[PDB]
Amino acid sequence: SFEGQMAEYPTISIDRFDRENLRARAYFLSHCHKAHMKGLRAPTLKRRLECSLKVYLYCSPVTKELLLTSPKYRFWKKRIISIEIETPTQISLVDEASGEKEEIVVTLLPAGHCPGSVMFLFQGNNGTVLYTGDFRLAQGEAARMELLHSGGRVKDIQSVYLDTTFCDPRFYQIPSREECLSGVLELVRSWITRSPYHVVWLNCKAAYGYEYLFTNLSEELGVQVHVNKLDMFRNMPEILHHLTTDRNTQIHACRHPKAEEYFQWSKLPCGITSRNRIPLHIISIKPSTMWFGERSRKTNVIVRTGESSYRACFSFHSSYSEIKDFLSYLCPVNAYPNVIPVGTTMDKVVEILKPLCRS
């Protein structure tokens, strides 16, 4: 599995900052998710940064903004360099122990996974490689990325290091971003327009990536979404103004350790149960990955699980058919899975991808 280092450029570390990654000539962060930040504020890394002065962290503008809203990562401020999207950027790497100098060009491509999420395309003197980070690309999106191409064909890519979360034929198709959004929108609309006392709880994981759902709901329905904390979007106006810390709203995305018990007793995680002593009428909506097989057809993005509860199709990652389409299009020499799906093995995932690769 992926532990920070690509074979072709081992002196850079991406989305992993412990163990062998402590000797990196440069760091890269694809997106601000805990699973891709292992060791990023460890004492040993800080120790190492005090020694090595020409070591930087590179990421997208949004990732820089998000990361540094957390006090615990503020020590990175002096060493963090953002790179604009789809803007090829020369990066110089120097050996601390040896004398060595090394030059690479990096291009950030949007990953469709959460605010600030990118893929990193690296070009240097040891071939071109693509690190996808976490991604969801719909069909046709890769073909529109001009900087994946050279002279009207895809660039010669030696190796792709890719998000294989749903790389198993069972996860053949997943409804699109737009389909998922429209389903949730119409469910919420149909509830909250009944009266001011009808409210929705969006039961979401504690992670970036639900913001486009919140913004669309807010934009379409003229309501702000209750969240526990929104200071990370202080400088992000197109997100911030769709959120609120006030409990007096019809759409909630607040969180609590016992939030599901609270919902079973008609509460809501933030504790509001009534207004003018009228009980709030609450439905829960849990964004959840849903998929259909190769020989099946799409069914409703909304799944009712109780009188007052729903699951709603939502995915942070590409389907199997999207992964195969992406890799087929890239046609690299090698493809390496970043992640093994829960019910599969590395050998099955590698062999799924192998026919789409040149060696």
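All residue numbers are counted from 1 along the displayed sequence.
- Between the stretches 323-331 and 23-31, it is 323-331 that shows the larger average CA temperature factor.
- Look at the mean CA B-factor for 162-170 and for 96-104 in the entry; the higher one is 96-104.
- For the set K64, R48, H317, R311, the PDB entry puts the maximum C-alpha B factor at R48.
- As recorded in the entry, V223 carries the highest CA temperature factor of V199, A143, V223, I285.
- Per the PDB record, residue ranking by Cα B-factor puts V303 in the lowest third of the chain.
- Remark: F292 belongs to the highest third of its chain, ranked by C-alpha B-factor as recorded.
- When the modelled residues of the chain are ordered by their C-alpha B factor, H242 lands in the highest third.
- Annotation for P341: CA B-factor lies in the highest third of the chain's modelled residues.
- Ranked by C-alpha B-factor against the other modelled residues of its chain, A42 falls in the middle third.
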